[PDB]
Amino acid sequence: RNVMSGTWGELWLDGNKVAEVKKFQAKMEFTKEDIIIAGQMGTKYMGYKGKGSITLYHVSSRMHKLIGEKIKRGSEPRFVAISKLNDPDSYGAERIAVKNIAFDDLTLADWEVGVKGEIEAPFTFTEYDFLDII
C-alpha cells in the first residue's frame, strides 16, 4: 500500500559489494519528533524514519574485516541496497537505491550464516532514490 518492496539486488558498504539481496520491504513512519518540527511557526513536507526488512545471501568473505575496520575508525557501518522494485509501473521506476542503511541487530555470526545461506534482518534507512526511470 504505502509500503515499498523489491526483489533481486545488491548490498554495498561504501565502495564494496558485500552481499546479494533476495527481497526487501520498507515502511516510512511519522514520529512525534518529526511532528514537532513541522509545526514550528516559521516553516509542507515532514521528516521521516524508514524501517524495513531485507533478506541477504552470498555475503562477502570480507565482511568480517570491513566491520572490524569500521570499529577501529569509530564509525557505525552504513550501507546501500539496490533492488528491483515490485510494481515498478506504480513508481515510474524499475529499481531503488535505499541509502544510509543501519542494521541494529546483525551480528558477526549473522553475516557468517549469509555466506552459504540466507539471513533476514531488520534495518533502518533515511533516504532513497528511484533508478531506471520508465
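In terms of determination method and resolution, the entry is listed under X-ray crystallography at 1.5000 Å.

J.: Is there a simple way to explain the pattern of salt bridges in this structure?
T.: Any two side chains of opposite charge can pair, on the condition that their charged atoms come close. Applying the stated criterion across every chain, the model contains five salt bridges. Where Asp-129 meets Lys-99, a salt bridge forms, and the shortest distance between an N and an O atom there is 2.7 Å. A residue pair is termed long-range when its members are at least 10 positions apart, and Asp-129 in strand β7 (residues 127-133) and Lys-99 in strand β5 (residues 93-101) qualify at 30 residues.

J.: I tried to follow the pairing of β5 on my own but got confused; where do I start?
T.: Moving residue by residue along a regular strand, the side chains alternate between the two faces of the sheet. Bridge count between strand β4 (residues 79-85) and β5: five bridges; the pairing is antiparallel. Paired with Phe-79 across the strands is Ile-101, a residue of β5. Judged from the six bridges that link them, β5 and β7 form a sheet pairing that is antiparallel. For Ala-93, the partnering residue across the bridge sits in β7 and is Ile-133.

J.: Could you clarify how one ought to interpret the nonpolar core in this entry?
T.: Within soluble globular proteins, side chains that are nonpolar generally end up buried alongside one another. Counting residues in hydrophobic clusters, the biggest one holds 28 residues, and the most contacted among them are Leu-11, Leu-56, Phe-79, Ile-101, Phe-103 and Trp-111. Of all the secondary-structure elements, those providing two or more residues to this core are β1 (4-13), β2 (16-29), β3 (49-57), α2 (63-73), β4, β5 and β6 (118-125). The element best represented in this core is β2, accounting for five residues.

J.: Looking at this structure, I do not really get the side chain of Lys-70. What am I missing?
T.: In this structure, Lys-70 sits in helix α2. Among the residues examined, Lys-70 registers a relative accessible area of 14% and is labelled buried. One polar contact links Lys-70 to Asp-14, side chain to side chain, over a distance of 2.7 Å. Among all residues touching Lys-70, those that are not within four sequence positions of it are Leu-13, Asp-14, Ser-75 and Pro-77.

J.: Help me understand the packing of aromatic side chains in this model?
T.: A ring pair, where both rings are aromatic, is described by two values, the distance of the centres and the angle of the planes. By the definition in use, this model includes nine aromatic pairs. Taken together, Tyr-48, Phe-79, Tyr-91, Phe-103, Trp-111, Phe-123, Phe-125, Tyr-128 and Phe-130 form an aromatic cluster joined through their ring pairs.

J.: Help me understand the side chain of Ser-60, please; the structure alone is not making it clear to me.
T.: Looking at the element boundaries, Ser-60 is found in the loop between β3 and α2. Ignoring anything within four residues of it in the chain, the contact list for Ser-60 reads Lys-17 and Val-18.

What counts and how
Residues numbered from 1 in each chain as written, not as in the entry; some residues may be left out. Heavy atoms only, no water. Residues with missing side-chain atoms left out of burial classes, pairs and counts. Salt bridge = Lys/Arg side-chain N within 4 Å of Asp/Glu carboxyl O. Helix = DSSP H or I, 4+ residues; strand = E, 2+ residues; numbered from the N terminus. Pairing = 2+ DSSP bridges. Core = buried A, V, L, I, M, F, W, Y, C linked by side-chain atoms within 4.5 Å. Buried < 20%, exposed > 50% of the residue type's maximum accessible area, 1.4 Å probe, protein only. Polar contact = N/O pair within 3.5 Å; in protein donor to acceptor, adjacent residues only side chain to side chain. Contact = heavy atoms within 4.5 Å. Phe/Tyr/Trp six-rings, centres within 6.5 Å; stacked < 30°, edge-to-face > 60°.

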